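The structure appears below as structure tokens.
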Amino acid sequence: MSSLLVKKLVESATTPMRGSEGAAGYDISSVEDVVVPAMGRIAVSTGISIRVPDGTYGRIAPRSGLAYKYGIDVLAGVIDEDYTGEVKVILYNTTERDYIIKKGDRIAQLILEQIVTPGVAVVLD
Amino acid sequence: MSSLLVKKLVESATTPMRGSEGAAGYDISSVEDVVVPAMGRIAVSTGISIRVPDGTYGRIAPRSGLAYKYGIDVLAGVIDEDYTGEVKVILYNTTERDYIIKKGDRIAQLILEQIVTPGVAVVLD
Amino acid sequence: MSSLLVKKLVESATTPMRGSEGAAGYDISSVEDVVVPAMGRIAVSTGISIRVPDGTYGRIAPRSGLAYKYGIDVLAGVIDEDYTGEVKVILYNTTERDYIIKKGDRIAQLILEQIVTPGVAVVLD
Ligand SMILES: O=c1ccn([C@H]2C[C@H](O)[C@@H](COP(=O)(O)OP(=O)(O)O)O2)c(=O)[nH]1
Ligand SMILES: O=c1ccn([C@H]2C[C@H](O)[C@@H](COP(=O)(O)OP(=O)(O)O)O2)c(=O)[nH]1
Ligand SMILES: O=c1ccn([C@H]2C[C@H](O)[C@@H](COP(=O)(O)OP(=O)(O)O)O2)c(=O)[nH]1
Ligand SMILES: [Mg+2]
């Protein structure tokens with residue numbers, strides 16, 4: 001069906017899941033203990049691969065929590081409906097102090113955003 | 001109805017409003033005079049609480065103006081349809097020079113983005 | 001029709017185009033050789049002007065490539081359906097080392113994201 005098809009590639013991996021009735025995203029957790037460097041970025045591995053529903057891509061959005069408290073932001077984050085590989089979550093540390101991530105930690109959130117994918121019309125001949 | 005239900009929690013607060021026919025967002029103003037630190041972040045208070053329409057969350061997006069001119073970016077920014085609290089706008093100063101915000105200043109913009117919230121289908125048994 | 005109407009304003013300009021069947025965005029290329037400064041931002045010119053389809057705005061999203069490899073992020077990025085001017089792509093260099101951009105380089109990607117633009121309902125009288 002056209003829901004969020006998820007495929008774990010490591011048992012450690014968690015199934016994305018929304019935290020509330022009105023929640024906009026499905027939590028995305030870390031599958032490795034990593035350190036996102038001060039003023040630096042890192043590529044955390046989710047351990048899963050997903051197929052967003054049709055006519056809608058998946059945007060890795062930042063979590064209110066880590067943003068406010070640790071100045072953690074999310075770089076890139078555009079997952080195409082044709083992406084068969086593993087979801088990588090690229091975080092950027094806005095702080096002068098390192099951030100610690102442990103297997104299991106919800107490090108971001110997926111949001112199936114509806115988009116229109118029409119053809120291009122070039123004007124000016 | 002399913003429009004943008006807004007609830008001011010301080011008279012100082014401004015009603016979000018789109019700046020043009022084709023505008024994608026409703027302006028979100030500051031309700032306090034604050035300073036967003038160089039290479040730092042701050043949590044500006046909007047003074048309002050909103051309920052995005054159904055099947056669509058609210059994304060606090062950055063303003064072309066402040067982005068270009070002061071290197072002001074917007075962290076976090078995901079407001080769930082079930083959020084009953086006050087909207088906080090988390091800004092991050094990309095500059096080596098402080099930025100000044102005064103009650104009333106449009107500091108960001110809300111965008112009711114349509115999303116699909118289906119269930120999760122786990123493959124691999 | 002309601003597709004992506006594109007208008008080149010310099011022959012150098014490239015027509016936005018999706019890189020795959022499931023791709024979520026249309027590549028947006030640079031039309032000038034520019035340098036986005038370490039820990040700095042710049043406004044790259046696309047040389048084109050577009051009209052996103054109706055009931056959907058255009059979001060300049062970052063490319064997985066440049067994000068991971070050079071720590072390149074995209075500031076602002078909200079293009080309203082009523083924008084008649086030229087698309088400017090504002091990039092922010094997260095790195096301590098400069099980044100080089102050359103006419104033609106795909107520097108970002110446009111994503112026609114569906115949004116709802118209803119009226120505002122103010123509660124509390
Ligand atoms: O934060 C991100 C952003 C993207 N992707 C995946 C989803 C998408 O399907 C693929 C895109 O890589 P690319 O588009 O082929 O390279 P580029 O963006 O330079 O065109 O990378 C991630 O795993 N994490
Ligand atoms: O910039 C933001 C981002 C989110 N929120 C609100 C909207 C949402 O309903 C709530 C989410 O907090 P949380 O999701 O419960 O904490 P976490 O993101 O770590 O799960 O915070 C804001 O006010 N400002
Ligand atoms: O990265 C961006 C972001 C926006 N715009 C364009 C699209 C939009 O139509 C216009 C908006 O400028 P503005 O909204 O009138 O100034 P402000 O955001 O302070 O209201 O700028 C760009 O070209 N590049
Ligand atoms: Mg940033």
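In the structure tokens, chains take the letters A, B, ... in the order shown, each chain's residues start at 1, and ligands count up from 1 in the order shown.
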Could you list, as a PDB file with C-alpha atoms, in the first residue's frame, all the residues within 7 Å of ligand 3, counting only C-alpha atoms and all ligand atoms?
```pdb
ATOM      1  CA  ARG B  63      12.607  35.286   5.728  1.00  0.00           C
ATOM      2  CA  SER B  64      14.485  36.132   2.523  1.00  0.00           C
ATOM      3  CA  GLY B  65      15.264  39.498   4.070  1.00  0.00           C
ATOM      4  CA  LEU B  66      16.981  38.621   7.343  1.00  0.00           C
TER       5      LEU B  66
ATOM      6  CA  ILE C  60      15.204  25.812  -2.512  1.00  0.00           C
ATOM      7  CA  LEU C  75      19.544  29.785   3.873  1.00  0.00           C
ATOM      8  CA  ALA C  76      16.122  31.419   3.227  1.00  0.00           C
ATOM      9  CA  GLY C  77      14.922  29.483   0.181  1.00  0.00           C
ATOM     10  CA  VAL C  78      11.176  30.286   0.184  1.00  0.00           C
ATOM     11  CA  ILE C  79       9.988  31.326  -3.269  1.00  0.00           C
ATOM     12  CA  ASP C  80       6.396  32.570  -3.312  1.00  0.00           C
ATOM     13  CA  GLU C  81       3.970  31.747  -6.127  1.00  0.00           C
ATOM     14  CA  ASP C  82       3.782  35.477  -6.811  1.00  0.00           C
ATOM     15  CA  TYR C  83       7.566  35.946  -7.263  1.00  0.00           C
ATOM     16  CA  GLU C  86      15.056  36.117 -10.540  1.00  0.00           C
ATOM     17  CA  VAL C  87      15.706  33.112  -8.311  1.00  0.00           C
ATOM     18  CA  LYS C  88      18.647  33.761  -6.002  1.00  0.00           C
ATOM     19  CA  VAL C  89      20.155  30.796  -4.147  1.00  0.00           C
ATOM     20  CA  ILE C  90      21.596  31.787  -0.768  1.00  0.00           C
TER      21      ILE C  90
END
```
For this session: Find the residues in chain B near chain A: any atom within 10 Å counts, using only C-alpha atoms. Write them as JSON, numbers by chain.
Result: {"B": [39, 40, 41, 42, 43, 52, 54, 55, 56, 57, 58, 59, 74, 75, 76, 77, 78, 79, 80, 81, 82, 83, 88, 89, 90, 91, 92, 93, 94, 113, 114, 115, 116, 117, 118, 119, 120, 121, 122, 123, 124, 125]}
I need the chosen residues saved as a CSV table (one decimal), in the first residue's frame, with N, CA and C atoms.
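What landed in part.csv:
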```csv
chain,number,residue,atom,x,y,z
B,39,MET,N,27.0,34.1,16.1
B,39,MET,CA,27.2,32.7,16.1
B,39,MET,C,26.4,31.9,17.2
B,40,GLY,N,25.3,32.6,17.6
B,40,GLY,CA,24.5,32.0,18.7
B,40,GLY,C,23.0,31.9,18.3
B,41,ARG,N,22.3,31.3,19.1
B,41,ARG,CA,20.8,31.1,18.8
B,41,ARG,C,20.0,31.6,20.0
B,42,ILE,N,18.7,31.9,19.7
B,42,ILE,CA,17.9,32.4,20.7
B,42,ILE,C,16.4,31.9,20.4
B,43,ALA,N,15.6,31.9,21.5
B,43,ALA,CA,14.2,31.5,21.3
B,43,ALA,C,13.3,32.7,21.4
B,52,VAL,N,-2.8,24.4,13.1
B,52,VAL,CA,-2.7,24.3,11.6
B,52,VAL,C,-3.9,23.5,11.1
B,54,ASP,N,-6.1,20.6,9.2
B,54,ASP,CA,-5.9,19.2,9.2
B,54,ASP,C,-5.1,18.7,8.0
B,55,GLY,N,-4.4,17.6,8.2
B,55,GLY,CA,-3.5,17.0,7.2
B,55,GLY,C,-2.5,17.9,6.6
B,56,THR,N,-1.9,18.7,7.5
B,56,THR,CA,-0.9,19.7,7.1
B,56,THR,C,-0.2,20.3,8.4
B,57,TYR,N,1.1,20.3,8.5
B,57,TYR,CA,1.7,20.9,9.6
B,57,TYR,C,2.2,22.3,9.3
B,58,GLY,N,2.7,22.9,10.3
B,58,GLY,CA,3.2,24.3,10.1
B,58,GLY,C,4.7,24.4,10.3
B,59,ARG,N,5.4,24.9,9.3
B,59,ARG,CA,6.8,25.0,9.3
B,59,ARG,C,7.3,26.5,9.4
B,74,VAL,N,16.7,29.8,10.6
B,74,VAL,CA,15.7,29.3,11.5
B,74,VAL,C,15.9,27.8,11.9
B,75,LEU,N,16.3,27.5,13.1
B,75,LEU,CA,16.5,26.1,13.6
B,75,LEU,C,15.1,25.5,14.0
B,76,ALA,N,15.1,24.2,14.1
B,76,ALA,CA,13.9,23.4,14.5
B,76,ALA,C,12.8,23.8,13.5
B,77,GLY,N,11.7,24.5,14.1
B,77,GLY,CA,10.7,25.0,13.2
B,77,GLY,C,9.5,24.1,12.8
B,78,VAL,N,9.4,22.9,13.4
B,78,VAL,CA,8.3,22.0,13.1
B,78,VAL,C,7.2,22.1,14.1
B,79,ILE,N,6.1,22.6,13.7
B,79,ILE,CA,5.0,22.7,14.7
B,79,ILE,C,3.9,21.7,14.3
B,80,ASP,N,3.7,20.7,15.2
B,80,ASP,CA,2.7,19.7,15.0
B,80,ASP,C,1.3,20.1,15.1
B,81,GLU,N,0.4,19.5,14.4
B,81,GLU,CA,-1.0,19.8,14.4
B,81,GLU,C,-1.7,19.7,15.8
B,82,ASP,N,-0.9,19.0,16.7
B,82,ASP,CA,-1.5,18.7,18.0
B,82,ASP,C,-0.8,19.7,19.0
B,83,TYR,N,0.0,20.7,18.6
B,83,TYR,CA,0.6,21.6,19.5
B,83,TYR,C,-0.3,22.7,20.1
B,88,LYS,N,7.2,29.2,19.5
B,88,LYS,CA,8.5,29.8,19.8
B,88,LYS,C,9.3,29.7,18.5
B,89,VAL,N,10.0,30.8,18.2
B,89,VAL,CA,10.8,30.9,16.9
B,89,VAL,C,12.2,30.8,17.3
B,90,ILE,N,12.9,29.7,17.0
B,90,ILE,CA,14.3,29.6,17.3
B,90,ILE,C,15.2,30.1,16.1
B,91,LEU,N,15.9,31.2,16.3
B,91,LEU,CA,16.8,31.7,15.3
B,91,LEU,C,18.2,31.5,15.6
B,92,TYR,N,19.0,31.4,14.6
B,92,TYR,CA,20.4,31.1,14.7
B,92,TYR,C,21.2,32.2,13.9
B,93,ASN,N,22.0,33.0,14.6
B,93,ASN,CA,22.8,34.0,14.0
B,93,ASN,C,24.1,33.5,13.4
B,94,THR,N,24.2,33.5,12.0
B,94,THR,CA,25.3,33.1,11.3
B,94,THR,C,26.5,34.0,11.3
B,113,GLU,N,2.3,23.5,5.4
B,113,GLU,CA,2.7,22.5,4.4
B,113,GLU,C,1.9,21.3,4.5
B,114,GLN,N,1.4,20.8,3.3
B,114,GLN,CA,0.6,19.6,3.3
B,114,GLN,C,1.4,18.3,3.4
B,115,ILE,N,1.1,17.5,4.4
B,115,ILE,CA,1.8,16.2,4.6
B,115,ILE,C,0.9,15.1,4.7
B,116,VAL,N,1.4,13.9,4.5
B,116,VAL,CA,0.6,12.7,4.5
B,116,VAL,C,1.0,11.9,5.8
B,117,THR,N,0.1,11.5,6.6
B,117,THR,CA,0.4,10.9,7.8
B,117,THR,C,-0.1,9.4,7.9
B,118,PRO,N,0.4,8.5,7.1
B,118,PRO,CA,0.0,7.1,7.0
B,118,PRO,C,0.6,6.3,8.1
B,119,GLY,N,0.3,5.0,8.1
B,119,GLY,CA,0.9,4.1,9.1
B,119,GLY,C,2.2,3.5,8.6
B,120,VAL,N,3.0,2.9,9.4
B,120,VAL,CA,4.2,2.3,9.0
B,120,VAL,C,4.1,0.8,8.6
B,121,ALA,N,4.7,0.5,7.5
B,121,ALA,CA,4.7,-0.9,7.0
B,121,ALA,C,6.2,-1.4,7.1
B,122,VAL,N,6.4,-2.4,7.9
B,122,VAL,CA,7.7,-2.9,8.1
B,122,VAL,C,7.9,-4.1,7.2
B,123,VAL,N,9.0,-4.1,6.4
B,123,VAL,CA,9.3,-5.2,5.5
B,123,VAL,C,10.4,-6.0,6.2
B,124,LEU,N,10.7,-7.2,5.6
B,124,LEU,CA,11.7,-8.1,6.1
B,124,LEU,C,11.1,-8.9,7.3
B,125,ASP,N,9.8,-9.1,7.3
B,125,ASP,CA,9.1,-9.8,8.3
B,125,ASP,C,8.9,-9.0,9.6
```
Exercise. In terms of the shortest atom-to-atom distance over only C-alpha atoms and all ligand atoms, which of C:36, C:44, C:101, C:28 is closest to ligand 1?
Worked result: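 Using only C-alpha atoms and all ligand atoms, ligand 1 sits closest to C:28.
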Problem set entry | atom CA of residue C:29 to atom 8 (C, counted along the ligand's line) of ligand 1, distance in Å rounded to a single decimal |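 Going from atom CA of residue C:29 over to atom 8 (C, counted along the ligand's line) of ligand 1 covers 18.1 Å.
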Exercise. How far is it from atom 11 (C, counted along the ligand's line) of ligand 2 to atom CA of residue A:105, in Å with one decimal?
Worked result: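 One can read the atom 11 (C, counted along the ligand's line) of ligand 2 to atom CA of residue A:105 distance as 16.1 Å.
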For this session: Select, from A:27, A:32, A:37, A:98, the residue with the minimum atom-to-atom distance to ligand 2, counting only C-alpha atoms and all ligand atoms.
Result: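 Answer, going by the shortest atom-to-atom distance: A:27.
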For this session: Apply DSSP to the structure's backbone, then extract all residues of stretch 49-108 of chain A labelled alpha helix (DSSP H) and return them as a PyMOL selection string.
Result: chain A and resi 64-70
